[PDB]
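Here is the structure we will look at.
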4 protein chains.
Amino acid sequence: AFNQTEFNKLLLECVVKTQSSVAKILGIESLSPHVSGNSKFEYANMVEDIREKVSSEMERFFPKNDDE
Amino acid sequence: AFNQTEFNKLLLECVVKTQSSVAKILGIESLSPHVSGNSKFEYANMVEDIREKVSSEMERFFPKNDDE
Amino acid sequence: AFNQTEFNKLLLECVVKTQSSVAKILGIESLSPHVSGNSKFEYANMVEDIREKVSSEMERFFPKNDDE
Amino acid sequence: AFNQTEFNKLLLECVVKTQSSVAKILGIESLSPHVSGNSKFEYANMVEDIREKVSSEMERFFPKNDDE
């Protein structure tokens, strides 16, 4: 008897907790002295790149237009 | 013949292992000298912020009250 | 028409890639000078703790005994 | 009334955002001075190892040959 609900609860807790934690690790890493002056790892540049990636995948699976 | 059970096993192993690993990486990063004195990255502050985020998403999908 | 197969493919690629990457980040972070001599972040200690966590969750959902 | 669609949306946003963020954290960590000259953590070596892992799991669940 596979408990899909409990599996979903664990899955969600893990992925939400991981994303919230990784967002902080990304900010801390952006402040590291060995990437100062490296445009690729400037925090605003990273956030924009991540935003574009997430938005494009979301648009593939959950398009704003439900009748393309 | 898609093996949903084996897919679920891989998914769970990955997300649980990742979350357990990320929790440790977060602790190590909190101790980094370049974020000393930065309240945003103080470990207790980060943990509270993460806790609030996880709790709010869990309450959206798995509310304590099953008859709202 | 929700493409569950393509969604599953993206989900798996992401979680497997993330776990493989996080395993390396964990190793690099274990070598950081600010956690030298901190038993909590000694690599073998971290790996054992992670292993116990993953094993216990896997045993909850996919027990070795299929007739408890 | 469990909203599978909204759950899927949150799951996808989290895993895609996490993977995009972790890919950047991996690059920053590869540049860390304490792993200079350590072949295990050379960036190209890490990327190849990750690629092999992702490819093998993808081939297990979504084989290029649909009639083995």
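Residue names in the structure tokens use chain letters A, B, ... in the order shown, residue numbers from 1 in each chain, and ligand numbers from 1 in the order shown.
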
**OP:** Please report as a VMD selection string which residues of chain B come no farther than 9 Å from chain D, using only C-alpha atoms.
**Re:** chain B and resid 2 to 3 6 to 7 10 57 61 to 62

**OP:** Determine, counting only C-alpha atoms, which protein, DNA and RNA residues have an atom within 12 Å of an atom of residue 22 of chain A; residues of the same chain fewer than 2 positions away are not included. Present the result as an MDAnalysis selection string.
**Re:** (chainID A and resid 14:20 24:29) or (chainID B and resid 18:19 21:27 29 46 50) or (chainID C and resid 18 22 25) or (chainID D and resid 14:26)

**OP:** Enumerate, as a ChimeraX atom specification, the complete set of residues in chain B that a backbone-based DSSP assignment places in alpha helix (DSSP H).
**Re:** /B:4-30,43-61

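In this structure, atom CA of residue 53 of chain B sits 16.3 Å away from atom CA of residue 9 of chain D.
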